[PDB]
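All remarks here apply to the structure that follows.
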Amino acid sequence: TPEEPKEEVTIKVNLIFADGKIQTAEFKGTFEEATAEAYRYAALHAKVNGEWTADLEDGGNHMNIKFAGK
Amino acid sequence: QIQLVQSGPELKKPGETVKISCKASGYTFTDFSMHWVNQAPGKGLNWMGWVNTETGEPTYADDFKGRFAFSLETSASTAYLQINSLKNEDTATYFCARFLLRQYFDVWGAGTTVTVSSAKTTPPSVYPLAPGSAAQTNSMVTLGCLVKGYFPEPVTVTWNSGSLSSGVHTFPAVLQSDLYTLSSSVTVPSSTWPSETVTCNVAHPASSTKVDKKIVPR
Amino acid sequence: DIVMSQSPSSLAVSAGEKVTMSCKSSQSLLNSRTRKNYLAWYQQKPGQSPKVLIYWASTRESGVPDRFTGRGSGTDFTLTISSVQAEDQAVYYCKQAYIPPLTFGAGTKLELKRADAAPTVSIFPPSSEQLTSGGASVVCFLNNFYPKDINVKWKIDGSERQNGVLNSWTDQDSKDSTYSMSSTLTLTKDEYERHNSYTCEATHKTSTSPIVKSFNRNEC
Amino acid sequence: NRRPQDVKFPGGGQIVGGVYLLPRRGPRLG
Numbered sequence: 013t014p015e016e017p018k019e020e021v022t023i024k025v026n027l028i029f030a031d032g033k034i035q036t037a038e039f040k041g042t043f044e045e046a047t048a049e050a051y052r053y054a055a056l057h058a059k060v061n062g063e064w065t066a067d068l069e070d071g072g073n074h075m076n077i078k079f080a081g082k
Numbered sequence: 001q002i003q004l005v006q007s008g009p010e011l012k013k014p015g016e017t018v019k020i021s022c023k024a025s026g027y028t029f030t031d032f033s034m035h036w037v038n039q040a041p042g043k044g045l046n047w048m049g050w051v052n053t054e055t056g057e058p059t060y061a062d063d064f065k066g067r068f069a070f071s072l073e074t075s076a077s078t079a080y081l082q083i084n085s086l087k088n089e090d091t092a093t094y095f096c097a098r099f100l101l102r103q104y105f106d107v108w109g110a111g112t113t114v115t116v117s118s119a120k121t122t123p124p125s126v127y128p129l130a131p132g133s134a135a136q137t138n139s140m141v142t143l144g145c146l147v148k149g150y151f152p153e154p155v156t157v158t159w160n161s162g163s164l165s166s167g168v169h170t171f172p173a174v175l176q177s178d179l180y181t182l183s184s185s186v187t188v189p190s191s192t193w194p195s196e197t198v199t200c201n202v203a204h205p206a207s208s209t210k211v212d213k214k215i216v217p218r
Numbered sequence: 001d002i003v004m005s006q007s008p009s010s011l012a013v014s015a016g017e018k019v020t021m022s023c024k025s026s027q028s029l030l031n032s033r034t035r036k037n038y039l040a041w042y043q044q045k046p047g048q049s050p051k052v053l054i055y056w057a058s059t060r061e062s063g064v065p066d067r068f069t070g071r072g073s074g075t076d077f078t079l080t081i082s083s084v085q086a087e088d089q090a091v092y093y094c095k096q097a098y099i100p101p102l103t104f105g106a107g108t109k110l111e112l113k114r115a116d117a118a119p120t121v122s123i124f125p126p127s128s129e130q131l132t133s134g135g136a137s138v139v140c141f142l143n144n145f146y147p148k149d150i151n152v153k154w155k156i157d158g159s160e161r162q163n164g165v166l167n168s169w170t171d172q173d174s175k176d177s178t179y180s181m182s183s184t185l186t187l188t189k190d191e192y193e194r195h196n197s198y199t200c201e202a203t204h205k206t207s208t209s210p211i212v213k214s215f216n217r218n219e220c
Numbered sequence: 016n017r018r019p020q021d022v023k024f025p026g027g028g029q030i031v032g033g034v035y036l037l038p039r040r041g042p043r044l045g
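Chains as they are written, first to last, in PDB author numbering: chain L, 13 to 82; chain B, 1 to 218; chain A, 1 to 220; chain P, 16 to 45.
Shown next as structure tokens:
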């Protein structure tokens with residue numbers, strides 16, 4: 013155990029598609045690695061749902077993600 | 001059918017040893033490597049290791065080296081998972097899965113859930129929750145059943161011996177002062193109650209008890 | 001040791017929509033020779049054991065909907081359940097078996113979304129049996145509601161009680177995809193009979209006014 | 016892991032680990 017302080021957290025996320033649908037998701041882990049883990053997922057999706065954008069909030073904690081579509 | 005049948009729930013105190021089993025039925029217990037996976041309460045699964053069912057040779061993972069022992073009784077198409085000097089951390093449930101050369105588990109067993117603790121086994125008092133002397137009718141009545149004050153965590157619950165499965169909500173156990181509590185509710189048509197009878201079959205494999213409380217009106 | 005990382009953790013999608021899960025590995029899981037990737041997808045419902053879905057990172061196990069699809073290779077794999085249904089609620093795991101020890105991701109929970117339902121509340125007084133032994137517990141059943149978030153309260157003769165109540169919640173229903181919670185108020189018979197009205201209040205997203213089930217001991 | 020203490024080369028029957036496999040072209044003990 014690397015020890016020394018630095019916890020984990022929950023990143024609430026809205027997945028809003030161009031098609032008008034909505035999916036939810038949570039990414040748990042270390043702030044940096046999770047917010048990223050998230051971007052990654054979002055990226056991983058834009059693959060078939062269009063480029064993505066976002067409006068972070070709650071200090072990056074809560075996150076919304078629109079997928080431009082195609 | 002191809003299937004694996006494990007031993008019952010076990011409750012041992014810290015330091016005590018335990019041996020759970022995995023009976024192999026449906027195939028040739030000597031053609032596939034049998035593995036043992038564990039799941040800490042609320043956690044994910046973890047590969048412990050595996051026994052060669054043709055050589056006996058057991059391979060163990062590091063996280064589970066020392067204190068754990070795989071073996072088998074070839075003559076009985078059975079494999080055994082032993083754990084010595086038990087710790088509270090060791091509490092969880094253990095599975096045993098048949099493994100293929102295609103590298104995956106095509107068949108598991110219900111898993112044996114062992115719970116380490118100092119508390120003593122105690123039967124679960126079971127009480128019938130029937131709608132008191134009130135409420136209209138709305139042609140839909142919700143019955144109850146309250147299991148309580150027992151220990152060794154697992155206490156499976158069903159209604160009318162399983163015949164009643166729809167509309168059933170059996171809630172998770174809940175520990176308070178070394179004693180758990182669990183409720184379960186059925187919701188049958190008014191027309192079927194008190195017309196036909198409804199009883200909750202509740203078992204507790206440790207106190208070796210079992211109660212079939214029939215729910216009667218008030 | 002090959003380290004498996006699954007994304008996301010939880011994931012809520014409505015029935016009919018196709019969901020997508022990712023599973024990355026510490027290193028390559030491709031056997032250059034057999035030319036096969038050793039990653040399998042397991043689905044495990046509440047209380048059950050795991051259930052193999054896909055192996056060889058792509059090949060779908062026998063007896064499985066073409067709805068579940070496994071793509072990937074090397075370190076980047078993903079599971080895609082097309083047209084999602086309530087019968088799919090579980091935790092999905094990807095296990096690598098390329099090189100021991102075998103490893104699983106942390107699991108990705110797949111919940112389902114639906115129309116906000118109002119909880120149907122029921123109340124039950126202490127049974128003759130229990131009372132028979134100086135014990136009294138009142139139970140309320142907030143059943144089949146949505147979303148899963150809900151708050152409960154207990155009042156003994158208009159007064160609010162906090163001590164003695166134990167709460168439980170159930171996993172999403174394998175049928176309606178709703179939720180059920182159970183609150184039970186325990187106390188002594190020496191207490192229960194000193195007070196008359198017992199009522200539990202459920203406050204849900206489907207309203208500003210709580211659902212209120214009550215009974216009066218001087219009438220049972 | 017086979018059985019006589021050593022760590023690599025013969026074997027092939029009841030295997031655990033895809034990297035150890037080779038394409039179907041032999042009998043063995045499993």
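Backbone N, C-alpha and C define an ideal beta-carbon position, used for all residues, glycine too.
Closer than 7 angstroms at the C-beta level to chain B, one finds these residues of the region 94–126 of chain A: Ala97, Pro101, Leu102, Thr103, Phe104, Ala106, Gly107, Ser122, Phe124 and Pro125. Counting of Cβ neighbours within 10 angstroms places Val22 (chain P) among the exposed residues, the total staying below 16. Excluding the 5 residues flanking it on each side, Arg35 (chain A) has no same chain C-beta neighbour closer than 6 angstroms. In the pairwise beta carbon analysis, the region 11–30 of chain A is classified as not touching the region 42–55 of chain A: fewer than three pairs are separated by under 8 angstroms. Of all residues in the region 23–37 of chain P, only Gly28, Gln29, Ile30, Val31 and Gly33 place a beta-carbon less than 7 angstroms from a beta-carbon of chain B. Taken atom to atom, the span from the alpha-carbon of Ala136 (chain A) to that of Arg217 (chain A) is near 12 angstroms.
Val21 (chain L) has its alpha-carbon roughly 6 angstroms from the corresponding atom of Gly41 (chain L). Under the DSSP assignment, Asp1 (chain A) falls outside any alpha helix (DSSP H); it carries neither an H nor an E label.
Here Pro14 (chain B) is exposed, its C-beta having fewer than 16 other C-beta atoms within 10 Å.
Neighbourhood of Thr181 (chain B) in chain A, by CB distance below 9 angstroms: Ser137, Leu166, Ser168, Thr184 and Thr186, in chain order. In the three-state DSSP reduction, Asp76 (chain A) falls in the strand class (E or B).
For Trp108 (chain B), there are no neighbours in chain P by C-beta distance under 7 angstroms, as the nearest C-beta there is about 16 angstroms away. Contact of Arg102 (chain B) with chain A by beta-carbon distance below 8 angstroms involves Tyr55 and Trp56.
The region 111–122 of chain B makes no contact with the region 162–177 of chain B; the number of CB pairs closer than 8 angstroms stays below 3. Burial is judged here by how many other beta carbons sit within 10 angstroms of a residue's own beta carbon; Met21 (chain A) has at least 16 and is buried. Neighbours of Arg33 (chain A) in chain P, taken as residues whose beta carbon is under 8 angstroms from its own, are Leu36, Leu37 and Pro38 in chain order. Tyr55 (chain A) carries a strand assignment under DSSP once its states are collapsed to helix, strand and coil. Contact between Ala15 (chain A) and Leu112 (chain A) holds: their C-beta atoms lie close to 6 angstroms from each other, under 8 angstroms. In the three-state DSSP reduction, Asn201 (chain B) falls in the strand class (E or B). Close CB contacts of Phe77 (chain A) within its chain, under the 6 angstroms cut and outside five residues either way in sequence, are with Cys23, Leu39 and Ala57 (chain order).
By the neighbour-count criterion, in which a residue is buried when 16 or more other Cβ atoms sit within 10 angstroms of its Cβ, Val3 (chain A) is exposed.
Under the three-state reduction of DSSP, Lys95 (chain A) is assigned to strand. The straight-line gap separating the alpha-carbon atoms of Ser161 (chain B) and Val198 (chain B) is approximately 10 angstroms. With its beta carbon less than 8 angstroms from one in chain L, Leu11 (chain A) belongs to the interface.
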